[PDB]
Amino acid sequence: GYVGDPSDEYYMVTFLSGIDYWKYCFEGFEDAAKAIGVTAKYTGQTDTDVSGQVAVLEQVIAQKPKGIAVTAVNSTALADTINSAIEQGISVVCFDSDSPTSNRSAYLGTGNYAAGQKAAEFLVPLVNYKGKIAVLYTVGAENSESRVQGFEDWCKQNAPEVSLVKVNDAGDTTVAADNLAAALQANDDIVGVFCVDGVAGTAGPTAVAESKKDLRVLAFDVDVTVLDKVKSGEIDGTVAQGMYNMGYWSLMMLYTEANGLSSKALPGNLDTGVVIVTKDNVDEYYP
C-alpha cells in the first residue's frame, strides 16, 4: 500500500527554478511524500534554456528515481527525454506546464486555455470592450501559449473591437520589460496588459509604470510585489494558481503508478483551479 520506503525518491523538476512560485509547488510535493514515507527531491533549470532543462532532466533520470513530476519549459522539446524516462521504468507526470505529445501519464495544473478565457472576461470589460491588449508571455511554454490562445479566442468571439499585441517575455524580466516597452512605443492604441505568467507579472507593471501610461493590468501569480500592486490599485488584479495541490497530487499519482496500486492507468488531468485576486481577497494570499 501507501507505506513508503525513504530510499525511494520522487523528483520535482522545473525551469526558472529559483523563483518563489516553485516553493509552494514543492511544499505540496514534500507534504505528500512525508505522509507516505518516501523522499521528495527538487531541482530545475535556473532560466528558460531548453537544452539546459533537457540536461537537468537527464541528470535526474540518471539517479533512477521512482517518479518525476516535470513542468516543461517548451511544449515539445522535452518529450523524447520524458519518453526515455518512462522506457527506463520511471513514472512521469507533468505539472504546471504540459508536454502533451509525450507519454507522460497525467497533467496536473491550471486549465490554461480556460484561464486565458477567464483573464479576458476580467480585463476586456475594464477597457470597455475596445482597444488593443498587450499579452506578455513566455513564448514556447505550453501553459503560456494556451493562456494566450484562450484569451485570443474569447476576444474573437465576444469582443470584436479588441485586438491583441503579442509580446515575448523570454523568461527574463529585463528582456520582458524592454519588449513590452517597445510594444507600448509602437502601439498607441494599447489600453491593457495581460501578464500571462510570473515573469510577466513582474516585468509588465514595471514597463507600464516607466511608460507613465494609465492602463488596465491583470498580473499572474502571487508574488508579494504583485499583491502589493493589487492592494494599492496600481494594477487591477492577478491570477492565483493551485500551486500546492499541483505538487501534492503529482506525488500521490506518481507513487500510485510506481507501486502498481491502481489497476488502471492514471487519470489524465487534474484541474487545480484559478482564483481572480482583487482588493477584496488579496490579503488571503500573503505568506
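One rule holds for the numbers: they count along the sequence shown, beginning at 1.
The PDB entry reports B-factors from which the mean C-alpha value can be compared for 226-234 and 249-257; the larger average falls on 226-234. Once the C-alpha B-factors are averaged per stretch, 92-100 and 157-165 rank with 157-165 first. Between the residues 149, 179, 105, 76, the entry's highest C-alpha temperature factor is the one at 76. When the C-alpha B factors of 70, 56, 218, 38 are read from the deposited coordinates, the top value falls at 56.
Ranked by C-alpha B-factor against the other modelled residues of its chain, residue 44 falls in the middle third.
Annotation for residue 185: CA B-factor lies in the middle third of the chain's modelled residues. Residue-level temperature factors show residue 109 in the lowest third of its chain, judged at the C-alpha atom. When the modelled residues of the chain are ordered by their C-alpha B factor, residue 18 lands in the highest third. Among the modelled residues of its chain, residue 207 has a C-alpha B-factor that falls in the highest third, as given in the PDB entry.
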